[PDB]
Each structure stands twice: as structure tokens, then as C-alpha cells.
Amino acid sequence: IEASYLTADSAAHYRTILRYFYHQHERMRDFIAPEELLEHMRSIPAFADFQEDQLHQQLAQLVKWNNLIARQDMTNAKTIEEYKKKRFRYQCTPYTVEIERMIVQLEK
Amino acid sequence: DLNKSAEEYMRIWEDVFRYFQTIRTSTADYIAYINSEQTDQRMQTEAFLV
Amino acid sequence: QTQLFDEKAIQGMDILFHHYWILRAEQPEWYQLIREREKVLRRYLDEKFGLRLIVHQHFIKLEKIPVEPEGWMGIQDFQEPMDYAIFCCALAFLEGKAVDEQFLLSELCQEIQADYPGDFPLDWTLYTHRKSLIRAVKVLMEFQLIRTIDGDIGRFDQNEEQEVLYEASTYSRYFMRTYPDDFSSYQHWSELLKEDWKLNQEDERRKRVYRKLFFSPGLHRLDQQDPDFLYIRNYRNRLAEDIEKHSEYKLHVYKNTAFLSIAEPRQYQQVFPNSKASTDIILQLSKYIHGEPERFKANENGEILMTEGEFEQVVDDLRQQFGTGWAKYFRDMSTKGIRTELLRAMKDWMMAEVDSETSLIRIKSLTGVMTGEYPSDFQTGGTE
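Residue numbers (the deposited numbering), protein chains in the order written: chain J, 9 to 116; chain E, 147 to 196; chain D, 5 to 388.
Printed below as a string of C-alpha cells:
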């Protein structure tokens, strides 16, 4: 399934997203929610105009591939809508960590 | 008082600022960890223990 | 090395009295000040008053249990019993929420509606019910029992669909004191007092007198043989010396009343006279009563007895003389409305009573302590 993220119709976005997940895990800050990933997407010039909806489509697609561990964010909120939203937080699976480590090692 | 070769000085500077940039990256990452909203949401669970 | 009651202890005592409680997170200076002398404060309060001073990690609180409850004591932002009922129900709801748990205003409204114990259901389609809920929530927020995640409750007045996200703060646990038995076994609030004084049989009289003096604006002689007033009469000098030593106040004693005056009231204190216009008319009425001693000869207990008609006539006379200088609020209102407002004000200060049965008005001797008048140049100006 991982080959899909490596070479699917959004392989660039998938690679960037899992690379940010790997970055945050290597610093032990892995249980990330969509907002910081959206910020990272907007940081890169190519995806600078990113949107939350496309991010959610791709992330749901990924959790279908078990790239991530999904938790429901029922513990705290900052706005009324945020409270009403059944948000989620995501953590990368060990397999994802290892594959991204191999890709980074080839990069090195 | 500058009574030695230039290569020694370049090596000394290289070591100094390689290590200083190492420490600078370390402090940037560590302060990001401390400030992490991951921590701020992680207070509400056992994950805070982690 | 031993502690002594000093400027810091006096300041701490005043801060304890004039607030319900002091929170570390918001009043760190006051919390620190109170704690340092907390040993001396505990000793003094226990010996003389008998109040239990509760010192905790997050707050300091003085359980000011009154000798005889009086109207002004209660939470003033509330105006109807329903507000108190909704307040208590909201507290009951907060017992179900863990610290820093977040709940929406709709959930709180629903739970309050469900629990509300009256025969008549609580309904949110009304205006008055929503206003009552907003006042209850405002008082709750005043004590930091619940924090506000951004939103706006004031809109709830005119938009029942309004929504808000609230957070239960830790203080909710400690707000209400503890009660002697299984509290449910009691049937009327009066039974609570009979308990709280069952713990203070030792020198009940001294604690009684001190509580009445410090809490109430005044202490009225019940009859010719009132034991509290007899106690004060027997120990006037040492009472005055002790009170001067331990606080800013200075004692006064009369044939029919006793009270503590304050010379330099700080910002947070409440005192009479004050800005509210109704006091002006109270001072003018006091002067008018002074001016006709034979007509308003006080009975032996110091009360002056007048019927609603006689009081309204007096108020009309005042509106004739000094009405030109009254606030425009009263200048435009009929006599009976002024009578009602003035009597509410005088009730708050224990200046007078409305007789339950005969509707007779009793003006207490405390009113005659102070008299007020306009400057002579305006009064001559009023003549022009």
C-alpha cells in the first residue's frame, strides 16, 4: 500500500506529509493533528496555497493505508465549532517510520 | 598572539562554529519541544507521562 | 521569635472580611499577605469570633456565618429566588464535570432545566428565564468557578440559539462549605444556624457580639433586656480598645444601638454614605426627623413608628423642600415609588423595618447617627 503514497496521484503531497510526520517523530513530537500539517504544506512554495479539505481527503486516504494511527480529539477545544467537531490526531506507524528512514538514508 | 600558521586558526574556528551551530539546532529543537502544543494537549492524558 | 498582630495582620483581616475568598491565581499579593500572618489570624478569629478560617493551596476563605441573616448579606447580583435556584442547580451540574472539563452552554441549560426542583418547569423560550440564567452565569464567572472559552453569553438575552463553550475550574469543588450531618436530614435553613452555633457553646455571647458588630452595619437593642447589648454595655471600654488595636474600626454605643464606624475606607469596602442617590434622601429624612422631636418622639426601644400614609406624607414634604436637588431619577417618580425605593435602601442598611403584620414602619435609631443638608447657598438658590 505504501507504494501508493510513494507513487499515487498525489505522491508529492503524500511524501511531504509523511516526511513531516517522520520529522516530528524523530524529535518525539509525533501525535500531530491536521493543523500543523496544513501549516507545513503552506510553508512549501508549491503547496503554499494548500487547503484543509484536500488535506483531509489525502489524510483519510492515508489512514486507509494504515500510514497513521488515528485518535479522536475529545479532550480540549478552543472554539465552539472546534468543540462540536469530532476532530482527530494522527501518529505514524512503525512501518512508515522505517521506510522514511530508508529513504532519508538513501538521501544521505 | 597570532604567532602560528593560518591553517590552525581556520581549523579552530571550524570546530568552534560547527559545535556552536550544533548547539543552536539543539536549543531550537528543544525549545520547540518544550513549547509544543503536543504537550499542551498531552496534559489531559497519560501521554503527559511520556 | 513570635508573631504579633500588626499592620500586615490588620490588612489581612480586612481583606478576608470584605471578600468572599481570596484566590492565589488572581490575588497573589493578598494571598501571600494573608498567609504570612495566617497563624495570628487563625488564633484571633477562633478566640473572639469563632469563624473557621480555611487556608488552602488555591484559596483562603473565611466562612462568614451570620448571627441572624440580613437582606444585604446575600449575593446582590441576583434579584429573584429563581436566580438562586438556577445558581444552585448550576453548581450541582458542575459537580458532575471534572476539573478543566469543557461543556457547552446548551448542556448547562438542559441540565438546569431537568433538575430545576420547582413545580413550575423552567423554560428557555421566555425572556425572563434566559435573563435569570445569564445573571446566574455572571455570578458564577465572578467567582471564577467557570472560565469562558471565547463566545458571548450576553447575547443569550435576545438570542436563545446563542451558544458558548465553558470550562469548569477547580474552585467549583470548594465553593460551598461543609455541613454537619447528612445535610438532607434538615428541613429548613433555620436548622443550619442551630448547628453552626452548637459548635460554639464556649463564650457564645462574646462571639455573638463580635459577629454582630463586624458584620452588620449596626446592632439594634432587641428590648430593655437584650443580652448582647447588655454585654456590650458591661465591656464598652475593653471592647473599644481591642477593636481599635486589631482593626481600623472604632466602636460607638447608644441607648438603642451600637455599631462600628470606619474613618478611612479603602477602595474595596462598602460604606454609608455613598454615591447612590437614595442615601441623600435618607440623610435628608434623618435631618427632618431631628427637626420635629415632639412629633417623632422615639419610643423607649429607639424606634420611630409611622404608617405608610404618614411616611408618604413625610416623603412629599421632603420632595417639596429638597426635591429640587434630588437626582432626576426620584424627581420624576410618584410618592409611592419613592417610598418603596427609599424603604428598600433603608432596609439594606438595617435603618428601618417594615412590620410584617400591620405594614407599620419602624425607623431604627441607627438612622439618627447621620444627617445631611444641601449647602446653604444652593438652598437659597432653591428659593430663587
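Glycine included, every Cβ here is placed at the ideal spot set by N, Cα and C.
Burial state of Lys198 of chain D is exposed, judged by a 10 Å Cβ sphere holding fewer than 16 other Cβ atoms. Within a 10 Å sphere around the beta-carbon of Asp38 of chain J sit 16 or more other beta-carbons, which makes this residue buried. Residue contact check for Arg188 of chain E against chain J: a CB pair falls below 9 Å. Contact residues of the stretch 78 to 96 of chain J toward chain E are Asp81, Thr83, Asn84 (C-beta to C-beta distance below 8 Å).
For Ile365 of chain D, DSSP records a beta bridge to D:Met310, D:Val358. Nearest CB-CB separation between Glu60 of chain J and chain E: not below the 9 Å threshold. Counting only runs of 3+ residues, the beta strand (DSSP E) found wholly inside the stretch 53 to 141 of chain D occupies 57 to 59, 63 to 66, 106 to 108, in chain order. In the DSSP assignment, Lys254 of chain D forms a beta bridge with D:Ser265. DSSP lists no bridge partner for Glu10 of chain J. Annotation: the continuous beta strand (DSSP E) that includes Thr152 of chain D extends over 150 to 153. Counted as a single uninterrupted DSSP element, the beta strand (DSSP E) harbouring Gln99 of chain J occupies residues 96 to 100. 9 Å or more divides the Cβ of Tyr91 of chain J from the Cβ of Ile26 of chain D.
Here the C-alpha atom of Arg240 of chain D lies approximately 36 Å from the C-alpha atom of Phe63 of chain D. In the three-state reduction of the DSSP assignment, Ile157 of chain D falls in the coil class, being assigned neither a helical nor a strand state. Distance between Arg46 of chain D and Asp200 of chain D, taken at the CA atoms: about 18 Å. For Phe55 of chain J, the nearest beta carbon of chain E is not closer than 9 Å to its own beta carbon. Around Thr191 of chain E, the beta-carbon contacts reaching into chain J at under 9 Å are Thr83. Close CB contacts of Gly16 of chain D within its chain, under the 7 Å cut and outside five residues either way in sequence, are with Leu37, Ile38, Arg41, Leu45 (chain order). Closer than 9 Å to the CB of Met36 of chain J there is at least one CB belonging to chain E. Annotation for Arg237 of chain D: no beta strand (DSSP E) segment contains it, though the alpha helix (DSSP H) segment containing it runs 231 to 238. Counting the other CB atoms within 10 Å of its CB gives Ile90 of chain D a total of 16 or more, which places it among the buried residues.
Per DSSP, reduced to three states, the secondary structure at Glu245 of chain D is helical.
For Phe39 of chain J, the residues of chain E that pass the 9 Å Cβ criterion are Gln184, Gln187, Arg188, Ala193, in the order they occur in the chain. Counting the other CB atoms within 10 Å of its CB gives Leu226 of chain D a total below 16, which places it among the exposed residues. When beta bridges are read from the DSSP output, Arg79 of chain J appears opposite J:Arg97.
Residues of chain J with a Cβ closer than 7 Å to the Cβ of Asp175 of chain E are, in chain order, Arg35. Taking C-alpha positions only, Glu167 of chain D is separated from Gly122 of chain D by approximately 25 Å. By the rule that beta-carbons nearer than 9 Å mark a contact, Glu44 of chain J touches chain E.
Interface criterion met: the Cβ of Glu167 of chain D is under 9 Å from a Cβ in chain J.
Rounded to whole angstroms, the Cβ separation of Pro221 of chain D and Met354 of chain D is 5 Å, and the two are in contact under 8 Å. Pairing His33 of chain J with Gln62 of chain J gives a Cβ-Cβ distance that is not under 9 Å. The beta carbon of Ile308 of chain D is closer than 6 Å to those of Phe300, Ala302, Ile367 in its chain, skipping five residues each way along the sequence.
Look at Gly385 of chain D: its C-beta is not under 9 Å from any C-beta on chain J. With respect to chain J, the C-beta atom of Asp154 of chain D has a partner C-beta closer than 9 Å. For the pair of segments examined, the stretch 270 to 290 of chain D was found to touch the stretch 326 to 340 of chain D: the number of CB pairs separated by less than 8 Å reaches three. The bridge partners DSSP lists for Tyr155 of chain E come to none.
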